[PDB]
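Single-letter residue listing:
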Amino acid sequence: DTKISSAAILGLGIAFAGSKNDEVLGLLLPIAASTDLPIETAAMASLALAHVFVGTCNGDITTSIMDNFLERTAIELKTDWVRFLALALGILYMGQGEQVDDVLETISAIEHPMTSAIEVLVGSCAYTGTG
């Protein structure tokens, strides 16, 4: 039903309201980058983080979320966390931004799996003209 860990995060998700503190952002990021521990748990943490910054914006969060995008271990054979991970990347730039063009440009630089699919997704959600 609900893992003891999942429940703990739940209540914590409610308190995450103050997450708008360079303190929580400094702790979540490192844990969101998943330097080793399964990315599964990181996905949950990164989720709540957004629920908070869902109003504000920051390039830092993307930093941690980016490092993980490349750190994607064979564990990528899944099909669910990516849909959410990519969704959070689009919400951070809901108001569009030339940056989006810069980020994607980086992905194209480095050869990656069918990930190209996502590149086209976030690539569509931007300037209503795209050059």
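The rules behind the values
Residues numbered from 1 in each chain as written, not as in the entry; some residues may be left out. Heavy atoms only, no water. Core = buried A, V, L, I, M, F, W, Y, C linked by side-chain atoms within 4.5 Å. Buried < 20%, exposed > 50% of the residue type's maximum accessible area, 1.4 Å probe, protein only. Helix = DSSP H or I, 4+ residues; strand = E, 2+ residues; numbered from the N terminus. Contact = heavy atoms within 4.5 Å. 1 Å grid on protein atoms, 1.4 Å probe; cavity = no way out; pocket = protein on both sides within 12 Å on 5 of 7 lines; lining within 4 Å. Points joined across faces, edges and corners; volume = space filled by probe spheres on them. Nonpolar A, V, L, I, M, F, W, Y, C, P; charged D, E, K, R; others polar.

Method information in the entry identifies solution NMR as the source of the structure.

The name the PDB entry assigns to the protein is 26S proteasome regulatory subunit RPN1, from the organism Saccharomyces cerevisiae. Recorded in the entry header as its title is "Solution structure of the Rpn1 substrate receptor site toroid 1 (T1)".

Enquirer: Explain the nonpolar core to me, using residue names and the numbers behind them.
Expert: Ranked by internal contacts, the top residues of the largest apolar core, which has 15 residues, are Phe69, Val100, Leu104, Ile118 and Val122. Within the residue set of this core, elements represented by two or more residues are α4 (59-71), α5 (81-91), α6 (98-109) and α7 (116-124). Broken down by element, the residue count for this core peaks at five residues, all from α5. Apart from the residues within four sequence positions on either side, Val122 is in contact with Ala86, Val100 and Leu104.

Enquirer: Describe empty space enclosed by the protein, with residues and values.
Expert: Scanning the model with the defined rule gives two cavities of 30 Å³ or more in all. Taken as a whole, the largest cavity spans an internal volume of roughly 80 Å³. In this structure, the largest cavity is lined by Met66, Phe69, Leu89, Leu104, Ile107, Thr115, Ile118, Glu119 and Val122. Contributions of two or more residues to the lining of the largest cavity are made by α4, α6 and α7. With three residues, α7 is the single largest residue contributor to the lining of the largest cavity. Of the residues belonging to the lining of the largest cavity, the class tally is seven nonpolar, one polar and one charged. Within this model, the second largest cavity holds a volume of roughly 50 Å³.

Enquirer: Mind laying out the environment of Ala15, listing which residues take part and the relevant values?
Expert: By secondary structure assignment, the location of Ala15 is in helix α1 (residues 4-15). A relative accessible area of 55% means that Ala15 is categorised as exposed. Sequence spacing of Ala15 and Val52 is 37 residues, and the spatial spacing of their C-alpha atoms is 9.8 Å.

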